[PDB]
Structures are given as C-alpha cells and as structure tokens.
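Secondary and tertiary structure notes
What follows is each chain in one-letter form.
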Protein chains: 2
Amino acid sequence: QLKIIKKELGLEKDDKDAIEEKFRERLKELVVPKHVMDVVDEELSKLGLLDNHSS
Amino acid sequence: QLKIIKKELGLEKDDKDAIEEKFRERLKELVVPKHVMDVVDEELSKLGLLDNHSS
C-alpha cells in the first residue's frame, strides 16, 4: 500500500518514461553519430521492455 | 474443450507470438545449421511456455 501511494502520487510514477524521454532530450543538441544512435535506440527500447526491478 | 481453451483471456501472449514469428522469418532465408535449428526450436517452445516478465 505504501509503495502504491508513493508510486502513484508521492514519487515518480513514470520512472521508465522519464529517463527514456530525458535521455532523448539530453541527446538532442549534440551531433551524435549514427554508429551511436542505433545502439542507444535499441538499448533504450531494451530499457522500455523490462521491469523496473530487473537487476 | 478446444473452444474452451480458445475462449479465454489468459492464452498465449501476443508479444511472444510476434517474436516467435519474427525469429522464424529471421531464420527463413538463412542456410541454417542443424544445431542452431533444433536449439532454436526447443528454446522457442521454452519461450512459449514462459511468462512475459520472468528474467
């Protein structure tokens, strides 16, 4: 119950989406090479699949 | 009993079926050695068996 109240109101509800978008914006201004962009995107997707607790 | 199996909302994951077909088509065109073929098939069965969030 404690978790749900912090998770849905108290603290960050979208920790996944938050970092997923925040990485993207931090990545905005640099001229990031395609060699990079592919790996970062697929890995970010990999982050989007998995459970928050996964070690 | 077959329709009872089908008429349920707890059957084979759509996500797993998509990956299943995806890796199959991925193998569709390769000159695949037997070792990887059988290992891939048994592992695909294991993929079908498992729940969508286990590590």
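With the PDB entry as reference, chain A is termed Lon protease homolog, mitochondrial, source organism Homo sapiens. The header of this PDB entry states its title as "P2c-state of wild type human mitochondrial LONP1 protease with bound endogenous substrate protein and in presence of ATP/ADP mix".

Examining the overall build of chain A
Along its length, chain A carries three helices and zero strands. Scanning chain A from its N terminus toward the C terminus, one meets helices and strands in the order α-α-α. Over its C-alpha atoms chain A spans a radius of gyration of 14 Å, topping by over 25% the 10 Å that the globule rule assigns to 55 residues. Over its C-alpha atoms, taken along the principal directions, chain A stretches across nearly 45 × 25 × 15 Å. When each of the 55 residues of chain A is scored for burial, the buried share is 5%. With the model as given, the accessible surface of chain A reaches about 5200 Å², and the carbon-plus-sulfur share is 60%. Computing the positive centroid from 11 side-chain charges and the negative centroid from 14, chain A places the two 3 Å apart.

Brief notes about the pattern of salt bridges
Once their charged atoms are close, side chains differing in charge can pair, the charge on each being opposite to the other. As enumerated under the stated definition, the model contains six salt bridges over all chains in all. Close ionic contact of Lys28 of chain A with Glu25 of chain A constitutes a salt bridge, the shortest N to O distance being 3.0 Å. Ionic pairing is found between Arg24 of chain B and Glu20 of chain B, a salt bridge with its closest N-O pair at 3.9 Å. Residue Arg24 of chain B and its partner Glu20 of chain B are both found in helix α2 (residues 14-27); the two are separated by four residues, about one turn of the helix. Its relative accessible area of 37% is what places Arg24 of chain B among the partly exposed residues. Connected via shared salt-bridge partners are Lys16, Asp17, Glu20, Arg24 and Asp41 of chain B.

Each value, and the rule that gives it
Residues numbered from 1 in each chain as written, not as in the entry; some residues may be left out. Chains lettered and ligands numbered in written order. Part of a larger assembly, values for the part shown. Heavy atoms only, no water. Helix = DSSP H or I, 4+ residues; strand = E, 2+ residues; numbered from the N terminus. Rg over C-alpha atoms; globule rule 2.2 N^0.38 Å. Buried < 20%, exposed > 50% of the residue type's maximum accessible area, 1.4 Å probe, protein only. Areas by Shrake-Rupley, 256 points an atom, 1.4 Å probe, with all protein chains shown as cover. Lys, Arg positive; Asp, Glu negative; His and termini not counted. Charge placed at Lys NZ, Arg CZ, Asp CG, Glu CD. Salt bridge = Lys/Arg side-chain N within 4 Å of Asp/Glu carboxyl O.

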